[PDB]
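Okay, here's what each chain looks like letter by letter:
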Amino acid sequence: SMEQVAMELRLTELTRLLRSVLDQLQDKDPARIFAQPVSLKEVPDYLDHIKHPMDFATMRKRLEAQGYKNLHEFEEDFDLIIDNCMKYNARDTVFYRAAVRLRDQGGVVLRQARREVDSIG
């Protein structure tokens with residue numbers, strides 16, 4: 001149908017907008033702490049601690065399969081990256097601190113993305 005196409009154009013444009021948001025969030029992680037999944041070879045107990053692992057490469061795969069239906073789903077995944085880190089790692093670690101800084105800096109980007117998604121529909 002023509003409607004299914006219209007819908008697919010909106011998803012594609014949402015994907016376009018989320019790709020830009022993703023790039024902006026990932027720039028706030030210059031150390032690349034959150035770039036890839038935590039290695040289960042190197043942290044063999046990880047899944048005993050963290051039930052839903054997440055990272056930027058995994059979000060990117062979902063993004064490019066147009067797997068985010070709305071901004072809320074995408075924020076859920078970004079929040080997992082931060083919250084997983086803040087649980088697994090202690091307060092006095094470079095990892096925990098990297099997550100706090102990502103959260104704080106990401107807030108600004110995500111605030112305007114919400115406005116852009118409501119605005120453009």
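Deposited coordinates in this entry are attributed by the record to X-ray crystallography, at a stated resolution of 1.7000 Å.

Topic: unusual backbone geometry
Unusually for a residue other than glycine, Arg32 sits at a positive phi of about 60 degrees. As for its placement among the helices and strands, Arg32 is situated in the loop between α1 (2-27) and α2 (46-49). For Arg32, a relative accessible area of 51% puts it in the exposed group.

What about the packing of aromatic side chains?
Counted by the stated rule, this structure contains 2 aromatic pairs. Their ring planes at 70 degrees and their centres at 5.2 Å tell us that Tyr46 and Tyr88 sit as a pair that is edge-to-face. Of the two residues, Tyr46 sits in helix α2 while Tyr88 sits in helix α4 (residues 71-88), which places them 42 residues apart along the sequence. On the basis of relative accessible area, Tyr88 is assigned to the partly exposed category, the value being 31%.

Considerations on the layout of surface pockets
For the largest pocket, the calculated volume is near 350 Å³. It is α4 that provides the largest number of residues to the lining of the largest pocket, a total of 4 residues. Class assignment of the residues belonging to the lining of the largest pocket gives a composition of 11 nonpolar, 4 polar and 2 charged.

What counts and what doesn't
- Residues numbered from 1 in each chain as written, not as in the entry; some residues may be left out.
- Heavy atoms only, no water.
- Residues with missing side-chain atoms left out of burial classes, pairs and counts.
- Helix = DSSP H or I, 4+ residues; strand = E, 2+ residues; numbered from the N terminus.
- Buried < 20%, exposed > 50% of the residue type's maximum accessible area, 1.4 Å probe, protein only.
- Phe/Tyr/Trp six-rings, centres within 6.5 Å; stacked < 30°, edge-to-face > 60°.
- 1 Å grid on protein atoms, 1.4 Å probe; cavity = no way out; pocket = protein on both sides within 12 Å on 5 of 7 lines; lining within 4 Å.
- Points joined across faces, edges and corners; volume = space filled by probe spheres on them.
- Nonpolar A, V, L, I, M, F, W, Y, C, P; charged D, E, K, R; others polar.

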